[PDB]
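Enquirer: Structural data only, the sequence is not supplied:
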Ligand code: HEM
Ligand SMILES: [N+]
């Protein structure tokens, strides 16, 4: 189950975060593992498309090759805190699994600047158990976590040493698909 009410960044700059560009997950902390794989790849694009707040997601398991994309129109709970009802799509935006009640994630931006971010997410997917997942993001897929985002991890009363890196997985991303999925 999810247990955290994550606090959004004071003074969160939504237009900068939701600028249409890509964010890569560099490190993550799942509070209820044996539930996500140790080795994983994920990225997202976040932007406004025709007036609608959107996120496109990519997941890739580098060992199994399991791959999937999603798109959601985000609803606002408060500044920096969103609810996202997702649809599974192919890379071109064709629907594989339609939006449904009970398929949603929450999304809280705890820290962001132009190059880095710390987010919390709680995924609800049908009758699957939910659990808290924190992710350190960067605009540069290869960037080591810097002092701004590591300090934010500490300020959330988390230990960065517990986060698992994605950097050793040979992750290659289709940035073009993520950007184009924002419109879909
Ligand atoms: C921005 C961060 C992330 C968000 C918003 C997010 C969101 C989601 C969503 C919406 C799904 C369901 C997709 C679908 O069924 O259509 C999903 C599935 C999954 N995610 Fe993430 N995810 C994120 C990062 C990660 C990371 C870093 C991992 C690490 C392993 C991960 C592991 C998984 C796994 C294993 C599933 C499949 C769940 C299942 O059906 O059993 N995710 N995620
Ligand atoms: N997830």
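Expert: Ah, there it is. Numbers count the residues shown, from 1 in each chain. Ligands and ions are numbered 1, 2, ... in the order given.

Enquirer: I'd like the distance between residue 144 and residue 169.
Expert: 15 Å (C-beta to C-beta, to the nearest Å). Where you see a C-beta, it was placed from the backbone N, CA and C, and this is true even at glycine.

Enquirer: Of the two, which one has the most company?
Expert: Per other C-beta atoms under 10 Å, whichever of residue 144 and residue 169 has more neighbours is residue 169, with 15 against 11.

Enquirer: in a strand, that's where the more buried one is, yeah?
Expert: No - per DSSP: H, G, I helix; E, B strand; the rest coil, residue 169 lies outside any strand segment and is coil.

Enquirer: so it sits right up against residue 41, yeah?
Expert: Yes - with contact defined as C-beta atoms under 8 Å, residue 169 reaches residue 41; the gap is 5.6 Å.

Enquirer: which residues are in contact with both of these two?
Expert: Overlap of the contact sets of residue 169 and residue 41 (by C-beta atoms under 8 Å, 6 or more residues apart in numbering) consists of residue 62.

Enquirer: need the contact list for the spatially most central residue of the chain.
Expert: In the chain, the residue lying closest to the centroid (C-alpha atoms, centre = their mean) is residue 44, at 6.0 Å. Contacts for residue 44 (C-beta under 8 Å, 6+ apart) come out as 22-23, 55-58, 137, 178.
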